[PDB]
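K.L.:
The structure's right below; bear with me while I get my questions together.
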Amino acid sequence: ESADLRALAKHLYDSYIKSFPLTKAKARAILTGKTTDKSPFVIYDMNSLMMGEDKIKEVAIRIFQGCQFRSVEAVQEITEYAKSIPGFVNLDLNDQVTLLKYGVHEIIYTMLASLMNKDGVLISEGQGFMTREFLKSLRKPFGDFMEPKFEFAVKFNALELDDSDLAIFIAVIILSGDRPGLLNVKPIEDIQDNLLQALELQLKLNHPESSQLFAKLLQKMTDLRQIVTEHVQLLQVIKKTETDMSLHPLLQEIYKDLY
Ligand SMILES: CCCC[C@H](CC)COC(=O)c1ccccc1C(=O)O
Ligand SMILES: CCCC[C@H](CC)COC(=O)c1ccccc1C(=O)O
């Protein structure tokens, strides 16, 4: 029954708002807004970076460390959202870990797109905006870790999804039965089948003129995999070149034996 699918869509969107403080709606209002109350301070070079610290050791590493801290925070928010997905907390506890282990980063880059345009990315809960060019200008190990994310974002943002769409799509990503090491795949696939039904109806009702948006959104899950694998390889180079830099334990376990 379609009424049951709309109830699941509403449930996930409600939990989405409650779990993620900075939504796409708020992010787009800051990036495009004529508004005067929520304009961000823009960081585009070293001087503005130093002044931005007042308004809001090596620079490249200090940026990379703050990027980690935000990723850890995003994992915490994604984990809170996953518990709201009907059936997720009832699954085998080991599979819950496995689904989060492989899903968080694919979700992080999906939602990171909400904070991005072709010119840069919002930071500090929308208070700041770091330009895409300043990130490319960083030292050779840290000058390339965001550029692939921007490339995905500009394409993904062309789909013009809103938060109500993303809430369901994010749930579909977590409940993937093809994750390595899943003990009982069937109960996971049964949940995804229902989430996929809810996403399909959501996109046909919210985007009636967007032809095959459902299929085109699912195909984007291939771009996400590429980003993760490329990011993992970049992290291995950094751990060898910078033996004094520390990675967050939560992020270390997520990447432990990923592929
Ligand atoms: C401009 C701010 C972008 C922040 C987002 C996370 C929401 C993307 O950061 C990462 O994915 C990341 C970056 C450096 C080191 C580790 C990671 C990581 O998650 O493992
Ligand atoms: C909730 C929305 C994102 C919030 C966080 C920061 C709390 C995003 O900020 C960053 O990742 C970041 C990147 C480069 C330089 C500084 C930072 C930084 O720690 O501010």
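K.L.:
Being loosely packed, with under 13 Cβ neighbours inside 10 Å, away from ligand 1 (no atom under 16 Å from the Cβ) and charged (D, E, K, R) is true for just one of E209, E253. Which residue is that?
P.N.:
Being loosely packed, with under 13 Cβ neighbours inside 10 Å, away from ligand 1 (no atom under 16 Å from the Cβ) and charged (D, E, K, R) holds for just one of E209, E253, which is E209.
K.L.:
Kindly indicate the residue of the stretch 130-181 that is under 30 Å from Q96 (Cβ atoms) and among the acidic types (D, E) and also nearest to ligand 2 (Cβ to nearest atom) among those meeting that condition.
P.N.:
Once the filter is applied, the top-ranked residue is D163.
K.L.:
Could you tell me how many of the residues in the stretch 104-129 are of a type in the set (S, T, N, Q) and within 12 Å of ligand 2 (Cβ to nearest atom)?
P.N.:
The qualifying residues number 3.
K.L.:
Separate question: Look through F88, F150 and report the one residue that is over 20 Å from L235 (Cβ atoms) and either buried (at least 21 other Cβ atoms within 10 Å of the Cβ) or touching a helix residue (DSSP H, G or I) at 6+ places or on another chain (Cβ under 9 Å) (or both).
P.N.:
Working: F150 fails: over 20 Å from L235 (Cβ atoms).
Only one candidate qualifies: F88.
K.L.:
Being closer than 30 Å to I61 by Cα and either part of a helix (DSSP H, G or I) or touching a helix residue (DSSP H, G or I) at 6+ places or on another chain (Cβ under 6 Å) (or both) is the requirement here; does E189 meet it?
P.N.:
On the way: closer than 30 Å to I61 by Cα: no; either part of a helix (DSSP H, G or I) or touching a helix residue (DSSP H, G or I) at 6+ places or on another chain (Cβ under 6 Å) (or both): yes.
Judged against the criteria, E189 is not a match.
K.L.:
Scan the stretch 213-224 for residues that are surrounded by 14 or more Cβ atoms within 10 Å (Cβ to Cβ) and charged (D, E, K, R) and jot them down. Break it down stepwise before answering.
P.N.:
Of all residues in the stretch 213-224, those surrounded by 14 or more Cβ atoms within 10 Å (Cβ to Cβ) come to 213-214, 217-218, 220-221, 223-224.
Residues satisfying the conditions are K220, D223.
K.L.:
For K216, are the conditions met, namely being over 28 Å from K24 (Cα atoms) and not aliphatic (A, V, I, L, M)?
P.N.:
No, not satisfied.
K.L.:
List, please: which pairs have Cβ atoms under 6 Å, are six or more places apart or on different chains, and start with a residue in the stretch 33-45 that is among the hydroxyl-bearing types (S, T, Y) and end with one that is surrounded by 12 or more Cβ atoms within 10 Å (Cβ to Cβ)?
P.N.:
Final answer for the pair search is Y44/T131; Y44/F134.
K.L.:
Also: Quick one: count up the residues across the stretch 91-122 that are farther than 23 Å from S15 by Cα and out of contact with any helix residue (DSSP H, G or I) (no Cβ under 7 Å at 6 or more places or on another chain).
P.N.:
1
K.L.:
Mind listing whichever residues of the stretch 24-83 are more than 13 Å from ligand 2 (Cβ to nearest atom), closer than 26 Å to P249 by Cα and either within 23 Å of the chain's Cα centre (by Cα) or surrounded by 15 or more Cβ atoms within 10 Å (Cβ to Cβ) (or both)?
P.N.:
Once the filter is applied, which keeps residues that are more than 13 Å from ligand 2 (Cβ to nearest atom), closer than 26 Å to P249 by Cα and either within 23 Å of the chain's Cα centre (by Cα) or surrounded by 15 or more Cβ atoms within 10 Å (Cβ to Cβ) (or both), the stretch 24-83 yields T79, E80, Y81, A82, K83.
FYI, it's all coordinate maths here, none of it is from the lab. Here the Cβ is made from the backbone with ideal geometry for all residues, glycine too, and neighbour counts use every protein chain on show.
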